[PDB]
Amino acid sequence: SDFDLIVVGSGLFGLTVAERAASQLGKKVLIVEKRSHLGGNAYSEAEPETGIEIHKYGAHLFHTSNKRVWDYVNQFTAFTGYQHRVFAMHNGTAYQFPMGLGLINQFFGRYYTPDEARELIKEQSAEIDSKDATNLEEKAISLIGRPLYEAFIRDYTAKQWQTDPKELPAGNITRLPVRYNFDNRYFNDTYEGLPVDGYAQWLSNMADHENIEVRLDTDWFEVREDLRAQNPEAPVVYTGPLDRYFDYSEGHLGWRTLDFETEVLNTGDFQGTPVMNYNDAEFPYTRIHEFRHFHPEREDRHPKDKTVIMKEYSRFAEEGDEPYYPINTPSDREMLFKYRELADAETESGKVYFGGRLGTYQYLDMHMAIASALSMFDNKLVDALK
């Protein structure tokens, strides 16, 4: 046949399943992708004026402690030694971040030793017991105290969720967000970096196999009857929206979206660091990205007098907005449970498997999407394709 497997969507989940079927099982795979490019939201491209690598669907930082995933992705791209670090802008000062001895010195005005800082946090957070917290605000204060909460958490959280933190669940915070040393590595994972030749090249490499066919600008729902008629026995791995697949018969799942305002500035360096959080309510955006600083190894191909920045805004996703993060209200959780039963039936009757962020209503980092695809391949697809 012309294909043995159809994959809908070319994000990291779809690419991983397609590449494994192609290279491990020697199967012909057809990838159907609605957008004009591969890679889903991880995709990046050159900004035209400067040549700088930018993102249109969020900045993407790769990090994992899963060695299988790390070994896997390194088959398709090398990674730089980039280590993500973030600074937090509050009341006109850039604070070291996350909360640690650095921020603590800057905020409380003098140096605290690790043991002194532990004692300070105990004093500050004495007010509320975490076991008695009824919402996010109280849970936060029960852990780090009011001054820290009000300076670095309250307004940022309010902007991101478009909600008062008093109206968020205490379950959103599950551990002490304070380090008692000077370590300001943002991520805690064993492996970390950025694709040496960019995300577009990495993701294109994953799809570059003699057994893989890619059709861009193609909506599954417009071509599916034709494609399956060519080979009715071919399973489908679907990574598009779960509720849309079933014609919203159980309602519309709720998502948050993001707006990105991207500007080219006539300076070589706007903020001297890749990411600056804006923690104060007077700034409508949550953070600014300056893309050149993600790849300092490319400095002699970047312009000396221009830079690309991007301001990020958060809000509820309306019709026509890119859905990025599941909201997960109890209402959402229950129509999700209904959709899972519909999906499970569809797998049984139609050999259509459901995966990825959109297909399962679940936010997945890149390495988690990859791990999830590897699992579906190992535990479902090998048998379904024999």
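All residue numbers refer to positions in the sequence shown, first residue = 1.
The mean Cα B-factor in the deposited entry runs higher for 128-136 than for the other of 152-160 and 128-136.
Averaged over Cα atoms, the B-factor as recorded in the entry is higher for 377-385 than for the other of 377-385 and 4-12. The PDB entry gives the largest Cα B-factor of the residues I54, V69, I31, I327 to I327. Going by the entry's values, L342 shows the largest Cα B-factor out of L358, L342, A42, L61.
Ranked by Cα temperature factor within the chain, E119 sits in the highest third according to the deposited record. Residue-level temperature factors show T273 in the lowest third of its chain, judged at the C-alpha atom.
Sort the modelled residues of the chain by CA B factor and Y111 lands in the middle third.
In this PDB entry, the Cα temperature factor of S331 sits in the top third of its chain's modelled residues, the highest group. The entry lists a Cα temperature factor for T257 that places it in the middle third of the chain's modelled residues.
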